[PDB]
Structure formats: structure tokens, C-alpha cells
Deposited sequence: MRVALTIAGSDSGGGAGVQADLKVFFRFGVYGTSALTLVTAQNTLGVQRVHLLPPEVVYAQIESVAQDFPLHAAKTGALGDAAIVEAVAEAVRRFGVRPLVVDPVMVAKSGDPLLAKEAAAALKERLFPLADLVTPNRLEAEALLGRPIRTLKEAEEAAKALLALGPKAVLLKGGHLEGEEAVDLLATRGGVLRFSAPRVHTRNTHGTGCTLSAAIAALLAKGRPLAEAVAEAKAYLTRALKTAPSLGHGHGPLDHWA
């Protein structure tokens, strides 16, 4: 049995955060472990309250898991603040947590720590066009401009970059030192969109843990997301969660 770790925030509503990550790991037959960075009171209407955890507590969880279980893959989600990002980077380096999927899920300072401390340790970064623009500063509005963006983020240290929605049906770009690839996915419209990015990065981590090559992990993860979106349940009053059983 393969094991995966998620270093992210807690979403009480269960649609994103570690709740979604663990459901995905479980669906994919992967044993899930988790290092919480923060705790939120949250539902389908949004976040009502946030409680950041002490950086040392986040580090301790990673240490406890990393030294007892073999980690075949891991992902990072919401990191709260710069101090936490730094503790996470130190832990990831110290315990050799790889391959690592860093899902931006974006404070000015936190973004800086993320790019400088964590990106260099990533096997893959999964920013959306917006996040990509934020990280790089430059604007993105065309496929060619998106590809340059992907390559630009690659220079920050990650071994691969998945810029989502690089061009709008909706195409994502996977950039590696070898070249750029393009993935196409049905722009399925629905209200149940909460946890889309989270579910994607979790599925990729799960697939990597099972031995799938990166490009194939991303394609299978996207195929899973599409199914998850199509049969999303009618739960919550706002943007409902995905159908992780899909």
C-alpha cells in the first residue's frame, strides 16, 4: 500500500483542504497522512473563521509522519503565512518529502516565502492563471503568453509547472525542462466548484504515489476531476463539493 501526505488547511465543510485531499487519497487506494497548517470554520458560502497553527506544530506533524511512514508522494495546500511556509520548506527538505506537489492556493510575505523557499523543493507547482499572474506579476491573456509564463515559473526552481486555464475549451500547460505540453478538458459548468484545484492536486499526488509518471498522473487526475464535477452532489446552499466517489 502506498502512502501520501497532505500539508494543508482544514475545511470543516469537507469540500476542500485536507478533508478533500484525504477523501481523494482514499478513493485512489492510497493511505493518507496529514500535517495541518491552519483550521477554518467553513461551508459552501465561504470561510467564516481562520485559526493559524504555530509553525512548530506544523513541523512536528510532518516530522511525526515522515519518520514513521514511507512517503511515496505529498502535496501542499493553504499554508497560512510566511512563518508556516518556512517551517514547511525546512521540514520538506529535512525529511526528504518527495515527489512534492505544491498547489499555490494563495499576504505579500507568504507569497515570497512560497516562491523562494518552497518552489525549489517542488516536483510540480499547480497555479491557476490568476495565481500565475500574481506570482510572476506579468499579465497572461494568450496561449503563447501562457506558455512563457509556465516556463517563467519553471525558472523559480520547480521541476515542472502546471499552469491551469492558461488559455480559454480550457487548456492547461505542463512545462518541464524538456518542453511544454497541453492538456484539454471539457469546460463543464456547474455550481459545485468548491475544491476543484484542491481535488486536482490531491489526485495528482495520489497517482504519483502509485507510480504514475507526471504527465500521465496529470491526465488521469484531470479525467477524475471531470467525472467528480459531472456528478457533484446537491449539498450546501452555495458552491457545493465535488463527487469524490466518482
Sequence ranges without modelled C-alpha atoms (deposited numbering): 107 to 115, 178 to 180
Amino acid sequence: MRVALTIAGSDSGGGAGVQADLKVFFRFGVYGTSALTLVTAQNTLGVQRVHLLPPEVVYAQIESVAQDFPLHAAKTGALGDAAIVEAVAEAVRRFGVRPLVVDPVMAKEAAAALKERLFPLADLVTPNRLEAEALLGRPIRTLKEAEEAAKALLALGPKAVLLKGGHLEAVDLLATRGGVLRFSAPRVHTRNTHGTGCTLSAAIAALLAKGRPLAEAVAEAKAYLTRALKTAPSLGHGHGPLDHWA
From here on, numbers count along this sequence of modelled residues.
The stretch whose C-alpha atoms carry the larger average B-factor in the entry, 172 to 180 or 119 to 127, is 172 to 180
Comparing 154 to 162 with 76 to 84, the one whose average Cα B-factor in the PDB entry is higher: 154 to 162
Peak C-alpha temperature factor (PDB record), options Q67, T190, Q61, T37: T190
Just the C-alpha B-factor column, please: which of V97, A89, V101, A110 has the biggest number? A110
By the record's CA B-factor, is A206 among the lowest, middle or highest third of residues in the chain? lowest
Thinking about Cα B factors across the chain, which third does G197 belong to? middle
Among the modelled residues of its chain, the C-alpha B-factor of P54 falls in the third labelled lowest
Can you tell me which third, lowest, middle or highest, the CA B-factor of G32 falls into for its chain? lowest
Using the temperature factors of the C-alpha atoms in this entry, rank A185 within its chain: lowest, middle or highest third. highest
